[PDB]
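Peer 1: I'd like to ask some things about the structure below.
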Amino acid sequence: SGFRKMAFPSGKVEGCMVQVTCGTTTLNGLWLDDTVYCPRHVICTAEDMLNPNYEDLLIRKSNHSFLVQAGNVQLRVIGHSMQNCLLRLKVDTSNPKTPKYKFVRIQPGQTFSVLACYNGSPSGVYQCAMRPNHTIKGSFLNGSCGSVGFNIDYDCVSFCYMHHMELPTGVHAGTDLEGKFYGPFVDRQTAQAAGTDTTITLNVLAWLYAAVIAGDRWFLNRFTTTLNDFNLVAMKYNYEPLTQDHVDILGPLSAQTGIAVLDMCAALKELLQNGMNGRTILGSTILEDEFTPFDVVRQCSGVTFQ
Amino acid sequence: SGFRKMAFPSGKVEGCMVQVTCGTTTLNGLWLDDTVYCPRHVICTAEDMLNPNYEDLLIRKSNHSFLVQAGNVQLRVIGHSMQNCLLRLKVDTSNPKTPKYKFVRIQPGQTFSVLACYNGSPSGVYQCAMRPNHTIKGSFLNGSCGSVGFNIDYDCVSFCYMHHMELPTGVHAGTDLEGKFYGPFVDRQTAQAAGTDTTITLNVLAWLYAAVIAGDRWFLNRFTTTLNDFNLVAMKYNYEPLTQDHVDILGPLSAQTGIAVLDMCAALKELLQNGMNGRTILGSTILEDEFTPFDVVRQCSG
């Protein structure tokens with residue numbers, strides 16, 4: 001009953017958060033076994049960020065250049081290397097709190113929990129979605145770099161995001177845990193800006209299904225639509241085009257409710273053209289688009305971890 | 001930059017979550033040191049919940065009537081007692097993960113994080129505010145009872161809420177960690193229903209200040225108001241009357257943004273009279289009241 005955008009319990013990730021200092025720059029690092037992963041621009045300052053030479057700046061740094069702190073424990077760095085936009089520090093202590101984990105690259109529209117840290121000290125946790133324009137609308141202040149986003153299934157923490165920078169509009173850009181940025185962005189001070197963005201249609205449909213599962217179903221109708229005709233309407237409202245693959249992904253929710261996806265599209269189409277008329281869906285006056293088909297099954301079907 | 005309904009990191013609470021069973025009934029419990037706290041209605045069944053006498057129900061139970069488990073492992077109960085609407089079950093082991101903590105009773109209008117659990121295992125975390133009417137608008141499924149709400153300041157966890165029940169409107173009710181219910185609710189199946197509710201004026205203002213801190217000020221205007229004249233308007237919109245105390249709380253944000261509280265009130269006044277006009281504030285098409293002034297200061301730029 002009731003509908004919240006829930007984060008994953010952050011405990012398994014809190015246990016991996018450390019503070020990384022290099023010179024006067026301090027940000028967050030991710031400690032798994034005997035490796036600390038952090039944004040490579042921890043070795044940077046000012047005009048360094050103005051078109052930096054990373055290979056080169058790193059070369060003048062040695063192991064004792066990086067101070068690493070887990071709580072009060074100082075971790076001795078015994079190795080460093082660069083991996084794409086990531087720095088990999090080898091430490092002499094394997095993290096006793098390392099969860100079962102993996103590194104996955106997330107697809108646009110998909111969601112994850114973010115653990116905002118400052119000085120290696122976790123400060124908050126929230127859900128967000130990887131925007132179609134390859135940014136995240138997060139909440140980050142100075143010193144938040146190195147904070148990570150993640151998903152859980154069973155006992156396995158899947159890390160998908162590490163925070164690197166803030167774009168001109170106040171949205172955020174970052175990398176997977178191999179150091180490859182999401183979107184065009186680069187870790188320098190340039191003119192780079194967020195592209196225009198769209199509403200995540202797949203997620204809106206997922207959420208509409210969640211409403212129906214909760215008994216909130218006034219918006220359904222007796223009609224259906226072709227994919228092509230849905231996309232013509234939807235795109236006029238700045239919705240991501242719905243693909244046959246998105247339709248297949250809504251299969252389980254579709255089967256579970258006995259409402260065919262295109263039947264739900266007809267309902268959405270009507271909602272966009274005529275609005276909601278003062279009524280609400282799942283308590284909202286607005287159509288939510290940060291809730292995936294998987295978040296719906298997770299939240300509605302009491303899953304735990306673990 | 002950005003603005004999220006941020007919960008506290010939940011790991012210090014996760015480490016305290018256990019399962020408590022009695023008869024056929026299972027729910028969550030909070031394991032701190034050598035004591036496990038859970039809702040007393042775990043000892044109730046069928047027509048027990050129609051009109052339970054808890055003293056009479058409990059006296060029929062022994063220590064071994066209670067099965068407590070941390071994950072897959074059983075903790076032996078070696079004592080039991082009732083504190084208002086909670087059971088306190090002493091166990092033979094101490095919980096090494098027990099964080100620095102305290103129990104606090106929170107005022108309506110304040111916020112906290114909830115860690116929704118089923119079977120003594122963490123499901124998710126979310127932020128919410130206690131309504132003026134003492135209910136919380138939550139996301140709970142059958143089995144979430146015993147789940148707790150908390151705030152973390154420093155390394156010390158302050159527990160303020162334990163979940164007991166769901167009301168007819170689908171809104172939820174529970175107690176502080178001493179068993180005292182928030183609101184006029186009791187742990188029976190009565191016809192009790194959520195009382196009239198109001199929008200949390202103090203929170204709305206703090207949120208407006210957050211918007212200004214974010215470089216947005218389209219909603220501002222050239223007027224001021226008296227406290228008295230603000231209330232005469234806001235109270236027509238189901239808004240919680242605003243006091244001088246509320247105004248003083250807003251001092252830090254006012255000073256920081258250079259906007260006087262009563263001027264910010266005059267802004268909110270106009271927003272109520274004229275509406276938002278399809279325009280958003282911090283990405284919202286409606287006014288948010290689930291961020292206290294303290295939440296804003298904690299999240300937003302200094």
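Chain lettering (A, B, ...) mirrors the order of the structure tokens, residue numbering begins at 1 for each chain separately, and ligand numbering begins at 1 in order of display.
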Please provide as a VMD selection string all residues within 10 Å of residue B:213, with the sequence filter that same-chain residues fewer than 2 positions apart are discarded (counting only C-alpha atoms).
Peer 2: chain B and resid 1 207 to 211 215 to 217 253 256 to 257 296 300 to 302
Peer 1: Can I get the selected residues back with N, CA and C atoms, as a tab-separated table (two decimals), in the first residue's frame?
Peer 2:
```tsv
chain	number	residue	atom	x	y	z
B	1	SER	N	24.28	20.78	-6.74
B	1	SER	CA	23.13	20.91	-7.64
B	1	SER	C	22.18	19.73	-7.57
B	207	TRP	N	11.39	24.66	1.44
B	207	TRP	CA	11.57	24.13	0.09
B	207	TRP	C	11.70	25.27	-0.91
B	208	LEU	N	10.84	26.29	-0.76
B	208	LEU	CA	10.95	27.51	-1.54
B	208	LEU	C	12.33	28.13	-1.38
B	209	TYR	N	12.88	28.08	-0.17
B	209	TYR	CA	14.23	28.59	0.05
B	209	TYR	C	15.27	27.76	-0.70
B	210	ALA	N	15.08	26.44	-0.69
B	210	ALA	CA	15.92	25.54	-1.47
B	210	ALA	C	15.90	25.92	-2.95
B	211	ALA	N	14.72	26.20	-3.48
B	211	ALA	CA	14.61	26.62	-4.87
B	211	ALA	C	15.46	27.87	-5.13
B	215	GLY	N	19.27	28.92	-7.46
B	215	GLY	CA	19.30	29.94	-8.49
B	215	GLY	C	17.96	30.21	-9.16
B	216	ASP	N	16.88	29.71	-8.57
B	216	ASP	CA	15.56	29.92	-9.14
B	216	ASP	C	14.74	30.87	-8.27
B	217	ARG	N	14.18	31.92	-8.85
B	217	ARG	CA	13.34	32.81	-8.06
B	217	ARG	C	12.16	33.44	-8.79
B	253	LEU	N	18.10	30.14	6.67
B	253	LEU	CA	17.89	30.10	5.23
B	253	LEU	C	17.59	31.49	4.69
B	256	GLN	N	20.80	33.45	4.57
B	256	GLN	CA	21.61	32.97	3.46
B	256	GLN	C	21.13	33.45	2.09
B	257	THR	N	19.82	33.53	1.91
B	257	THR	CA	19.28	33.90	0.60
B	257	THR	C	18.97	35.38	0.51
B	296	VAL	N	16.82	20.79	4.18
B	296	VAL	CA	17.32	21.68	3.13
B	296	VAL	C	18.76	22.08	3.41
B	300	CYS	N	21.35	21.03	0.65
B	300	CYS	CA	21.66	22.09	-0.29
B	300	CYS	C	22.97	22.82	0.00
B	301	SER	N	23.44	23.53	-1.02
B	301	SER	CA	24.67	24.31	-0.93
B	301	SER	C	24.64	25.25	0.28
B	302	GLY	N	25.81	25.46	0.88
B	302	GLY	CA	25.96	26.41	1.96
B	302	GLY	C	26.44	27.77	1.46
```
Peer 1: I need the chain A residues near chain B as a ChimeraX atom specification; criterion: at most 6 Å, counting only C-alpha atoms.
Peer 2: /A:1-4,6-11,124-126,138-140,170,303-305
Peer 1: For the selection you just gave me, I'd like the residues written to a file as a PDB file, in the first residue's frame, keeping C-alpha atoms.
Peer 2:
```pdb
ATOM      1  CA  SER A   1       0.000   0.000   0.000  1.00  0.00           C
ATOM      2  CA  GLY A   2       1.193   3.491  -0.926  1.00  0.00           C
ATOM      3  CA  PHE A   3       3.919   4.077  -3.500  1.00  0.00           C
ATOM      4  CA  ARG A   4       7.424   5.304  -2.795  1.00  0.00           C
ATOM      5  CA  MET A   6      12.692   3.239  -2.851  1.00  0.00           C
ATOM      6  CA  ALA A   7      16.467   2.935  -2.854  1.00  0.00           C
ATOM      7  CA  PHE A   8      18.240  -0.337  -2.131  1.00  0.00           C
ATOM      8  CA  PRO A   9      19.540  -0.836   1.405  1.00  0.00           C
ATOM      9  CA  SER A  10      22.924   0.854   1.198  1.00  0.00           C
ATOM     10  CA  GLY A  11      24.782  -1.099   3.888  1.00  0.00           C
ATOM     11  CA  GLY A 124      22.465  10.041   1.866  1.00  0.00           C
ATOM     12  CA  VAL A 125      20.875   7.565  -0.480  1.00  0.00           C
ATOM     13  CA  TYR A 126      18.371   8.114  -3.300  1.00  0.00           C
ATOM     14  CA  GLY A 138      21.210  13.718  -8.963  1.00  0.00           C
ATOM     15  CA  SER A 139      21.921  15.800  -5.879  1.00  0.00           C
ATOM     16  CA  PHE A 140      25.639  16.461  -5.501  1.00  0.00           C
ATOM     17  CA  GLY A 170      23.140  21.236 -12.787  1.00  0.00           C
ATOM     18  CA  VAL A 303      11.864  -8.775  -2.511  1.00  0.00           C
ATOM     19  CA  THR A 304      14.658  -8.674   0.086  1.00  0.00           C
ATOM     20  CA  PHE A 305      18.471  -8.617   0.318  1.00  0.00           C
TER      21      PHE A 305
END
```
Peer 1: If you run DSSP on the backbone, which residues of stretch 136-196 of chain B are strand (DSSP E or B), as JSON, numbers by chain?
Peer 2: {"B": [136, 148, 149, 150, 151, 152, 153, 156, 157, 158, 159, 160, 161, 162, 163, 164, 165, 166, 172, 173, 174, 175, 181]}
Peer 1: Keeping only N, CA and C atoms, write the selected residues to a file as an mmCIF file, in the first residue's frame.
Peer 2:
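The resulting result-v5.cif:
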```
data_model
loop_
_atom_site.group_PDB
_atom_site.id
_atom_site.type_symbol
_atom_site.label_atom_id
_atom_site.label_comp_id
_atom_site.auth_asym_id
_atom_site.auth_seq_id
_atom_site.Cartn_x
_atom_site.Cartn_y
_atom_site.Cartn_z
ATOM 1 N N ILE B 136 1.803 8.321 8.383
ATOM 2 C CA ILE B 136 2.813 8.517 7.360
ATOM 3 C C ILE B 136 2.308 7.916 6.056
ATOM 4 N N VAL B 148 11.439 -0.012 11.030
ATOM 5 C CA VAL B 148 11.648 1.210 11.803
ATOM 6 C C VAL B 148 11.978 2.434 10.956
ATOM 7 N N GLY B 149 11.730 3.603 11.545
ATOM 8 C CA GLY B 149 12.104 4.882 10.974
ATOM 9 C C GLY B 149 13.169 5.504 11.848
ATOM 10 N N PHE B 150 14.088 6.239 11.230
ATOM 11 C CA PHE B 150 15.244 6.769 11.938
ATOM 12 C C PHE B 150 15.848 7.992 11.254
ATOM 13 N N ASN B 151 16.649 8.721 12.019
ATOM 14 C CA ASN B 151 17.506 9.773 11.498
ATOM 15 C C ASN B 151 18.912 9.496 11.987
ATOM 16 N N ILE B 152 19.908 9.857 11.191
ATOM 17 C CA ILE B 152 21.290 9.678 11.603
ATOM 18 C C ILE B 152 22.002 11.017 11.625
ATOM 19 N N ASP B 153 22.387 11.463 12.812
ATOM 20 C CA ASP B 153 23.198 12.665 12.918
ATOM 21 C C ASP B 153 24.545 12.258 13.509
ATOM 22 N N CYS B 156 25.568 8.510 15.220
ATOM 23 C CA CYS B 156 24.537 8.080 16.154
ATOM 24 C C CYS B 156 23.158 7.989 15.514
ATOM 25 N N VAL B 157 22.558 6.806 15.589
ATOM 26 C CA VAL B 157 21.235 6.576 15.024
ATOM 27 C C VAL B 157 20.120 6.941 16.003
ATOM 28 N N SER B 158 19.221 7.824 15.586
ATOM 29 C CA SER B 158 18.057 8.142 16.401
ATOM 30 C C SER B 158 16.816 7.471 15.835
ATOM 31 N N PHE B 159 16.321 6.450 16.532
ATOM 32 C CA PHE B 159 15.102 5.750 16.132
ATOM 33 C C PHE B 159 13.880 6.500 16.640
ATOM 34 N N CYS B 160 12.897 6.689 15.766
ATOM 35 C CA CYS B 160 11.725 7.494 16.102
ATOM 36 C C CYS B 160 10.418 6.789 15.796
ATOM 37 N N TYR B 161 10.481 5.653 15.114
ATOM 38 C CA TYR B 161 9.260 5.047 14.607
ATOM 39 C C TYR B 161 9.382 3.547 14.399
ATOM 40 N N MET B 162 8.368 2.821 14.857
ATOM 41 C CA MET B 162 8.224 1.407 14.528
ATOM 42 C C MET B 162 6.854 1.190 13.898
ATOM 43 N N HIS B 163 6.820 0.486 12.775
ATOM 44 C CA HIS B 163 5.576 0.284 12.055
ATOM 45 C C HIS B 163 4.676 -0.767 12.714
ATOM 46 N N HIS B 164 3.404 -0.424 12.902
ATOM 47 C CA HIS B 164 2.450 -1.354 13.512
ATOM 48 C C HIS B 164 1.296 -1.755 12.584
ATOM 49 N N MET B 165 0.756 -0.805 11.819
ATOM 50 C CA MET B 165 -0.483 -1.067 11.077
ATOM 51 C C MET B 165 -0.758 -0.199 9.847
ATOM 52 N N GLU B 166 -1.671 -0.676 9.008
ATOM 53 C CA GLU B 166 -2.157 0.088 7.868
ATOM 54 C C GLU B 166 -3.624 0.482 8.080
ATOM 55 N N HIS B 172 -0.273 4.804 6.962
ATOM 56 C CA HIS B 172 0.226 3.891 7.991
ATOM 57 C C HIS B 172 0.449 4.514 9.367
ATOM 58 N N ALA B 173 0.334 3.688 10.408
ATOM 59 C CA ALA B 173 0.497 4.149 11.793
ATOM 60 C C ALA B 173 1.443 3.276 12.626
ATOM 61 N N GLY B 174 2.078 3.877 13.625
ATOM 62 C CA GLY B 174 3.019 3.156 14.459
ATOM 63 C C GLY B 174 3.400 3.948 15.689
ATOM 64 N N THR B 175 4.512 3.576 16.318
ATOM 65 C CA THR B 175 4.879 4.123 17.627
ATOM 66 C C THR B 175 6.314 4.610 17.664
ATOM 67 N N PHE B 181 2.022 5.105 20.765
ATOM 68 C CA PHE B 181 1.514 5.402 19.430
ATOM 69 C C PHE B 181 1.632 6.881 19.083
#
```
Peer 1: Would you list the contacts of stretch 233-240 of chain B as a list in words, taking every protein, DNA or RNA residue within 7 Å and counting only C-alpha atoms, but skipping same-chain residues closer than 4 positions in sequence?
Peer 2: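 Contacts, with the query itself left out: residues 198, 199, 200, 201, 229 and 269 of chain B.
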Peer 1: When DSSP works through the backbone of this structure, what residues of stretch 3-63 of chain B end up as alpha helix (DSSP H), shown as a PyMOL selection string?
Peer 2: chain B and resi 11-14+54-58
Peer 1: Restricted to N, CA and C atoms, what would the selected residues look like written as an mmCIF file, in the first residue's frame?
Peer 2:
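Saved as out22.cif:
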```
data_model
loop_
_atom_site.group_PDB
_atom_site.id
_atom_site.type_symbol
_atom_site.label_atom_id
_atom_site.label_comp_id
_atom_site.auth_asym_id
_atom_site.auth_seq_id
_atom_site.Cartn_x
_atom_site.Cartn_y
_atom_site.Cartn_z
ATOM 1 N N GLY B 11 22.623 1.301 6.477
ATOM 2 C CA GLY B 11 23.435 0.175 6.909
ATOM 3 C C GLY B 11 23.540 -0.055 8.407
ATOM 4 N N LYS B 12 23.502 1.015 9.193
ATOM 5 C CA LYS B 12 23.554 0.880 10.648
ATOM 6 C C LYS B 12 22.267 0.291 11.207
ATOM 7 N N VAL B 13 21.182 0.416 10.450
ATOM 8 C CA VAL B 13 19.919 -0.171 10.862
ATOM 9 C C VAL B 13 19.788 -1.607 10.341
ATOM 10 N N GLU B 14 20.167 -1.823 9.086
ATOM 11 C CA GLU B 14 20.203 -3.173 8.525
ATOM 12 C C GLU B 14 20.832 -4.158 9.502
ATOM 13 N N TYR B 54 -3.769 -7.746 26.083
ATOM 14 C CA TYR B 54 -2.373 -8.111 25.920
ATOM 15 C C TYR B 54 -1.721 -8.669 27.181
ATOM 16 N N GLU B 55 -2.116 -8.149 28.337
ATOM 17 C CA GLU B 55 -1.604 -8.665 29.599
ATOM 18 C C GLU B 55 -2.008 -10.137 29.735
ATOM 19 N N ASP B 56 -3.238 -10.428 29.328
ATOM 20 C CA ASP B 56 -3.803 -11.756 29.440
ATOM 21 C C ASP B 56 -3.239 -12.696 28.379
ATOM 22 N N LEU B 57 -3.009 -12.169 27.181
ATOM 23 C CA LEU B 57 -2.377 -12.952 26.122
ATOM 24 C C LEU B 57 -0.918 -13.266 26.444
ATOM 25 N N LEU B 58 -0.182 -12.270 26.917
ATOM 26 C CA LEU B 58 1.253 -12.431 27.159
ATOM 27 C C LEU B 58 1.545 -13.394 28.311
#
```
Peer 1: Leaving out stretch 157-161 of chain A and any residue of its chain fewer than 3 positions from it, which residues lie within 10 Å of it when counting only C-alpha atoms, given as a PyMOL selection string?
Peer 2: chain A and resi 8+10+12-13+98-107+111-114+130+146-154+164+173-182+305
